[PDB]
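I have placed the structure first, in the form of structure tokens, so that the comments after it can refer back to it.
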Amino acid sequence: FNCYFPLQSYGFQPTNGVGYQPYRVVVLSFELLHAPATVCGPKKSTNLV
Amino acid sequence: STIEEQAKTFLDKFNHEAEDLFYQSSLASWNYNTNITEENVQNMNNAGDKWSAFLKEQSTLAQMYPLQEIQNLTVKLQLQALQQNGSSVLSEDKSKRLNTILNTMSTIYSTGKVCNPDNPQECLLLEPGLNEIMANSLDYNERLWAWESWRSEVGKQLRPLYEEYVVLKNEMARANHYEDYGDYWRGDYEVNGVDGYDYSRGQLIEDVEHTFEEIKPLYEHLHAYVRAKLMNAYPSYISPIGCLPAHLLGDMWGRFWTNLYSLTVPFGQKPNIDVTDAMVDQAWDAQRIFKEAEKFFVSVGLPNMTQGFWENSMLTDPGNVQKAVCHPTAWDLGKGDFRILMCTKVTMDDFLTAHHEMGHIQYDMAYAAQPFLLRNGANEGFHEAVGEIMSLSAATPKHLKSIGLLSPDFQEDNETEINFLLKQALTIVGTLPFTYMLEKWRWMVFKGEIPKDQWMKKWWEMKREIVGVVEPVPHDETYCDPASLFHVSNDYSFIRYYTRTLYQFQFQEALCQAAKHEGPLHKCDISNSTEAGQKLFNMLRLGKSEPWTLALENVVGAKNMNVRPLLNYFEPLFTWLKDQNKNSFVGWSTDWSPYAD
């Protein structure tokens, strides 16, 4: 009484509605600190003349 | 610290644990109905008992949170159902013996049969056997043999089993602090906690009795017209001021008079609206039948159906290898899983039934966002009422001509609509008297006002006064008429059918005022009108989380039931029947009997 288990399991079955269907989420956290920058976007490297 | 925080915590963890077990319990019943196998029959019992025992385990912890310290209305409503112990309040013997009576009475109903008097070898069961023969049977003796002989081995044998059902169920209501078992069913309409919207349980007896008084002038004319057409067959047994035989109602229990529409057709020289021959030429199947109905809900603003809904539907019965019940039903399991199990043929009724079966699913989508305990209709009459308003819109010639079923040159006039109102009146006006008659009798027997010996004496005595029906063969207190009925033997609410007629008509009159349609009510069509859908969607998502009296005000603007929409929609028919009954006597007398001369 007044004591419960906090963790609960997500019911997953293919017959469940699309709204409750499990969705795998990937969250990218972009943080710019005082340290030098490394990761950058792609390159171009066009033709040479 | 306060009990409110503890109550809300118990309610949050209850919806999750109950949603998983409830979904598996309903899913087990689906595989059992769609396919009959030894694995599905056991899964339904295991999954059914696991969920049945779940509420019994949660009910013990629900009674530890009194509702006096809870100031939230939505919180007390969730705990209001959990506070009930169900059969736990009954004694160990009375609790276990109750299920034996329900299973014994339900078994005799399905296994009950009446052997053919002329063919003792052939013995046909009631359903379908006895229900189909009595529909088209025009014989006086043929209908009396199956009608009289059924209650002999059923009504008489079920009397001792029904007596225990009355004493056992009463012990449950008394333990719940209810006046009697009859008040138990009236609790569905109970409304408390909101100032001015409170609805007492005892007020239902006065509302159903007060609204029935206004239906008498409409039913009396409808009864006199039906007795005039059938008066030529048996003038001796059928009196002009008397009552019609009980076995001639068109079926076993005389619930619906639609079967008599054939001989009651006012005009036989004019065609009738039927989509059977039109759909055949169009070459439509069960796949496109539901698709055409899905576009109807979108025209009013209601969301469409999910992909899984149409993919998991069952459109027919693949032979006897895998068999399913063709009885149309809308199954709502959970987690956004909606399905419908029905056998789909090509007929004008299946098209109308498609909108009804889909209405239940469409209705479950609005309140699906509510908690598990808060997912439900405001009462027992709103379940099938929301689905009837959808079918009534499809039966209108305007909706049929829109999709192309009915020819655009079809002439629509009084002669055409008068025949349509009569068909709907028998299914509507016919069930009302029978519903108020049987439902009121159960309330009197359970309340203790009718001694055990007067059960049958008061049954037919109140039948001629309400529905105006007399028994060809007099019966003693041994027979039990309700014992044979499906809802009475299965312990289901029989009052929900009476209120469904008043609720479906109120929405029909209110929804048509939003769409700005002019003319008679039966000419109204809600298709292509997005204004009426937005007004009905508000109450659709509320469910039972709010008092039905309050939710009903946001639609029709009424705080209770009213018969006014019943007179207007049937007004054109009442004006015509009043003239045809001038040569006859409107009404019936209770002093006439077929065996008393």
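For the structure tokens, the naming scheme is as follows: chains receive sequential letters (A, B, ...) according to their order of presentation, residues are indexed from 1 within each chain, and ligands are indexed from 1 in presentation order.
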Give the residues of chain A that lie within 9 Å of chain B; count only C-alpha atoms, and format the answer as a PyMOL selection string. chain A and resi 1-2+4+8+11+15-21
Range 152-349 of chain B: residues DSSP assigns to strand (DSSP E), reported as number ranges by chain: B: 244-245, 329-334, 337-341
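Taking only C-alpha atoms, the non-local environment of residue 246 in chain B within 7 Å (same-chain residues fewer than 4 positions away omitted) comprises residues 469, 470 and 471 of chain B.
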Write the residues of the selection above to a file with N, CA, C and O atoms, as a PDB file, in the first residue's frame.
```pdb
ATOM      1  N   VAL B 469     -51.061  -6.290 -26.261  1.00  0.00           N
ATOM      2  CA  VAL B 469     -50.905  -7.650 -26.760  1.00  0.00           C
ATOM      3  C   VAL B 469     -51.494  -8.611 -25.740  1.00  0.00           C
ATOM      4  O   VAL B 469     -51.239  -8.489 -24.536  1.00  0.00           O
ATOM      5  N   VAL B 470     -52.280  -9.570 -26.221  1.00  0.00           N
ATOM      6  CA  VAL B 470     -52.930 -10.556 -25.367  1.00  0.00           C
ATOM      7  C   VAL B 470     -52.376 -11.934 -25.698  1.00  0.00           C
ATOM      8  O   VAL B 470     -51.927 -12.194 -26.820  1.00  0.00           O
ATOM      9  N   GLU B 471     -52.410 -12.822 -24.705  1.00  0.00           N
ATOM     10  CA  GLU B 471     -51.881 -14.171 -24.873  1.00  0.00           C
ATOM     11  C   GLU B 471     -52.961 -15.093 -25.427  1.00  0.00           C
ATOM     12  O   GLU B 471     -54.071 -15.133 -24.884  1.00  0.00           O
TER      13      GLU B 471
END
```
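Note that CA of residue 437 in chain B and CA of residue 236 in chain B are 26.5 Å apart.
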Residues of range 375-591 of chain B in helix (DSSP H, G or I), written as a CSV table (one decimal) with C-alpha atoms, in the first residue's frame:
```csv
chain,number,residue,atom,x,y,z
B,382,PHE,CA,-25.0,6.3,-26.3
B,383,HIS,CA,-23.1,3.2,-27.6
B,384,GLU,CA,-25.7,2.2,-30.2
B,385,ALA,CA,-27.2,5.7,-30.5
B,386,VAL,CA,-24.2,7.3,-32.1
B,387,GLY,CA,-24.2,4.5,-34.7
B,388,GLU,CA,-27.8,4.9,-35.6
B,389,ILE,CA,-27.5,8.6,-36.5
B,390,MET,CA,-25.0,7.5,-39.1
B,391,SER,CA,-27.3,4.9,-40.6
B,392,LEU,CA,-30.3,7.2,-40.7
B,393,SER,CA,-28.2,9.6,-42.8
B,394,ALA,CA,-27.4,6.9,-45.3
B,397,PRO,CA,-32.5,9.3,-50.7
B,398,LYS,CA,-30.2,12.3,-50.8
B,399,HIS,CA,-27.2,10.4,-49.6
B,400,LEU,CA,-27.8,7.4,-51.9
B,401,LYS,CA,-28.1,9.6,-55.0
B,402,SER,CA,-24.8,11.3,-54.0
B,403,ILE,CA,-22.6,8.2,-54.4
B,414,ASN,CA,-45.1,11.7,-50.2
B,415,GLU,CA,-46.0,8.2,-51.4
B,416,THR,CA,-42.3,7.4,-51.5
B,417,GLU,CA,-41.4,8.7,-48.1
B,418,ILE,CA,-44.6,7.6,-46.4
B,419,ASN,CA,-43.6,4.0,-47.1
B,420,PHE,CA,-40.1,4.7,-45.8
B,421,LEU,CA,-41.3,6.1,-42.5
B,422,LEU,CA,-43.5,3.1,-41.8
B,423,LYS,CA,-40.5,0.8,-42.2
B,424,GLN,CA,-38.5,2.8,-39.7
B,425,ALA,CA,-41.5,3.2,-37.4
B,426,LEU,CA,-41.9,-0.5,-36.9
B,427,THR,CA,-38.3,-0.9,-35.9
B,428,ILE,CA,-38.4,2.3,-33.7
B,431,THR,CA,-39.4,-1.5,-29.8
B,432,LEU,CA,-40.3,1.4,-27.5
B,433,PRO,CA,-43.5,-0.1,-25.9
B,434,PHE,CA,-41.9,-3.6,-25.7
B,435,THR,CA,-38.8,-2.0,-24.1
B,436,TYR,CA,-40.6,0.0,-21.5
B,437,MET,CA,-42.9,-2.9,-20.8
B,438,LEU,CA,-40.3,-5.6,-20.2
B,439,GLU,CA,-37.8,-3.2,-18.5
B,440,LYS,CA,-40.5,-1.9,-16.1
B,441,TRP,CA,-41.6,-5.4,-15.2
B,442,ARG,CA,-38.1,-6.4,-14.1
B,443,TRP,CA,-37.9,-3.3,-11.9
B,444,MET,CA,-41.1,-4.3,-10.2
B,445,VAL,CA,-40.2,-8.0,-9.6
B,446,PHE,CA,-36.7,-7.1,-8.3
B,447,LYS,CA,-38.1,-4.3,-6.1
B,452,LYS,CA,-43.7,-14.7,-7.0
B,453,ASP,CA,-47.1,-16.0,-7.9
B,454,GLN,CA,-48.1,-12.8,-9.8
B,455,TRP,CA,-45.1,-12.7,-12.1
B,456,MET,CA,-47.1,-13.9,-15.0
B,457,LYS,CA,-50.4,-12.4,-13.8
B,458,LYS,CA,-48.8,-9.0,-13.9
B,459,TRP,CA,-46.8,-9.7,-17.1
B,460,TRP,CA,-49.8,-10.0,-19.4
B,461,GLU,CA,-51.9,-7.7,-17.4
B,462,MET,CA,-49.4,-4.9,-18.0
B,463,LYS,CA,-48.8,-6.1,-21.6
B,464,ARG,CA,-52.2,-5.3,-23.0
B,465,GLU,CA,-52.1,-1.9,-21.3
B,466,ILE,CA,-48.6,-1.0,-22.6
B,481,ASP,CA,-41.5,-14.9,-20.4
B,482,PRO,CA,-38.3,-12.9,-19.8
B,483,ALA,CA,-36.4,-16.1,-19.1
B,484,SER,CA,-36.3,-16.9,-22.8
B,486,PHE,CA,-31.6,-13.1,-24.9
B,487,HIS,CA,-30.8,-10.0,-22.7
B,488,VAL,CA,-32.8,-11.2,-19.7
B,489,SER,CA,-31.0,-14.6,-19.6
B,496,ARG,CA,-30.4,0.9,-22.9
B,497,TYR,CA,-32.6,0.2,-26.0
B,498,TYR,CA,-35.4,2.5,-24.8
B,499,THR,CA,-33.2,5.6,-24.2
B,500,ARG,CA,-31.4,4.9,-27.5
B,501,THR,CA,-34.5,6.0,-29.4
B,502,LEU,CA,-34.8,9.3,-27.6
B,503,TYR,CA,-31.0,10.0,-27.8
B,504,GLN,CA,-30.6,9.2,-31.5
B,505,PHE,CA,-33.5,11.5,-32.5
B,506,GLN,CA,-32.3,14.4,-30.3
B,507,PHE,CA,-28.9,14.3,-32.1
B,508,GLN,CA,-30.6,14.0,-35.5
B,509,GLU,CA,-32.6,17.2,-34.8
B,510,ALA,CA,-29.6,19.1,-33.3
B,511,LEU,CA,-27.0,18.0,-35.9
B,512,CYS,CA,-29.4,19.1,-38.8
B,513,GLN,CA,-29.8,22.6,-37.2
B,514,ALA,CA,-26.0,23.1,-37.5
B,521,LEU,CA,-36.3,15.7,-40.7
B,522,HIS,CA,-36.1,12.4,-42.6
B,523,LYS,CA,-34.9,14.5,-45.6
B,531,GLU,CA,-20.3,22.1,-39.2
B,532,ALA,CA,-22.3,19.3,-37.6
B,533,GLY,CA,-19.3,17.1,-37.1
B,534,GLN,CA,-17.4,19.7,-35.1
B,535,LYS,CA,-20.3,20.0,-32.7
B,536,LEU,CA,-20.7,16.2,-32.2
B,537,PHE,CA,-16.9,15.7,-31.9
B,538,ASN,CA,-16.8,17.6,-28.7
B,539,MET,CA,-19.0,15.1,-26.9
B,540,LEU,CA,-17.5,12.1,-28.7
B,548,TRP,CA,-24.1,12.6,-19.5
B,549,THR,CA,-26.5,15.4,-18.5
B,550,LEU,CA,-23.8,18.0,-19.1
B,551,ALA,CA,-22.4,16.5,-22.3
B,552,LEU,CA,-26.0,16.2,-23.7
B,553,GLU,CA,-26.5,20.0,-23.2
B,564,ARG,CA,-40.2,16.3,-29.0
B,565,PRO,CA,-37.8,15.0,-31.7
B,566,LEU,CA,-39.8,11.8,-31.8
B,567,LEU,CA,-42.9,13.6,-32.8
B,568,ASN,CA,-41.3,15.8,-35.5
B,569,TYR,CA,-39.4,13.0,-37.3
B,571,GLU,CA,-44.8,13.8,-37.8
B,572,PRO,CA,-45.4,13.2,-41.5
B,573,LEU,CA,-46.4,9.6,-40.7
B,574,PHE,CA,-48.6,10.6,-37.8
B,575,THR,CA,-50.6,13.0,-40.0
B,576,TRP,CA,-51.2,10.2,-42.6
B,577,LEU,CA,-52.0,7.5,-40.1
B,578,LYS,CA,-54.6,9.7,-38.3
B,579,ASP,CA,-56.6,9.9,-41.5
B,580,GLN,CA,-56.4,6.2,-42.3
```
Could you give me, as a list in words, the residues within 9 Å of residue 595 in chain B, counting only C-alpha atoms and dropping anything in the same chain fewer than 4 positions from it? residues 237, 471, 472, 473 and 474 of chain B
Set the distance at 9 Å and use only C-alpha atoms: which residues neighbour residue 252 in chain B once local chain neighbours fewer than 6 positions away are removed? I'd like the list as a PyMOL selection string. chain B and resi 130-131+134-135+143+146-147+246
Export of prior selection with N, CA, C and O atoms as a PDB file, in the first residue's frame:
```
ATOM      1  N   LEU B 130     -35.567 -21.371 -34.816  1.00  0.00           N
ATOM      2  CA  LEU B 130     -36.875 -20.869 -34.409  1.00  0.00           C
ATOM      3  C   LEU B 130     -37.060 -19.387 -34.708  1.00  0.00           C
ATOM      4  O   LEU B 130     -38.201 -18.939 -34.863  1.00  0.00           O
ATOM      5  N   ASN B 131     -35.972 -18.619 -34.793  1.00  0.00           N
ATOM      6  CA  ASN B 131     -36.092 -17.196 -35.086  1.00  0.00           C
ATOM      7  C   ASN B 131     -36.351 -16.934 -36.564  1.00  0.00           C
ATOM      8  O   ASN B 131     -37.021 -15.953 -36.906  1.00  0.00           O
ATOM      9  N   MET B 134     -40.244 -18.217 -37.552  1.00  0.00           N
ATOM     10  CA  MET B 134     -41.286 -17.324 -37.059  1.00  0.00           C
ATOM     11  C   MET B 134     -41.317 -15.995 -37.801  1.00  0.00           C
ATOM     12  O   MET B 134     -42.319 -15.278 -37.717  1.00  0.00           O
ATOM     13  N   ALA B 135     -40.248 -15.648 -38.520  1.00  0.00           N
ATOM     14  CA  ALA B 135     -40.213 -14.367 -39.218  1.00  0.00           C
ATOM     15  C   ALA B 135     -41.174 -14.354 -40.400  1.00  0.00           C
ATOM     16  O   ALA B 135     -42.022 -13.462 -40.514  1.00  0.00           O
ATOM     17  N   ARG B 143     -47.211 -20.781 -36.029  1.00  0.00           N
ATOM     18  CA  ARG B 143     -46.559 -19.812 -35.156  1.00  0.00           C
ATOM     19  C   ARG B 143     -46.888 -20.066 -33.690  1.00  0.00           C
ATOM     20  O   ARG B 143     -46.082 -19.742 -32.811  1.00  0.00           O
ATOM     21  N   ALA B 146     -44.557 -23.245 -32.102  1.00  0.00           N
ATOM     22  CA  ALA B 146     -43.207 -22.890 -31.683  1.00  0.00           C
ATOM     23  C   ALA B 146     -43.202 -21.804 -30.615  1.00  0.00           C
ATOM     24  O   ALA B 146     -42.291 -21.765 -29.782  1.00  0.00           O
ATOM     25  N   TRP B 147     -44.202 -20.920 -30.624  1.00  0.00           N
ATOM     26  CA  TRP B 147     -44.260 -19.854 -29.630  1.00  0.00           C
ATOM     27  C   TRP B 147     -44.768 -20.364 -28.287  1.00  0.00           C
ATOM     28  O   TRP B 147     -44.252 -19.970 -27.235  1.00  0.00           O
ATOM     29  N   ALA B 246     -50.148 -12.362 -29.633  1.00  0.00           N
ATOM     30  CA  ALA B 246     -48.758 -12.205 -29.225  1.00  0.00           C
ATOM     31  C   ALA B 246     -47.794 -12.913 -30.170  1.00  0.00           C
ATOM     32  O   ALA B 246     -46.643 -12.482 -30.309  1.00  0.00           O
TER      33      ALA B 246
END
```
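From CA of residue 248 in chain B back to CA of residue 151 in chain B, the distance works out to 16.1 Å.
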Could you name the residues that touch residue 234 in chain B at 12 Å or less, counting only C-alpha atoms, but leaving out those on the same chain fewer than 4 positions away, as a PyMOL selection string? chain B and resi 138-140+227-230+238-240+244-245+248+594
Test item: residues at most 9 Å from residue 47 in chain B, only C-alpha atoms, excluding those fewer than 6 positions along its chain, as a list in words: residues 21, 22, 24, 25, 26, 27, 28 and 29 of chain B
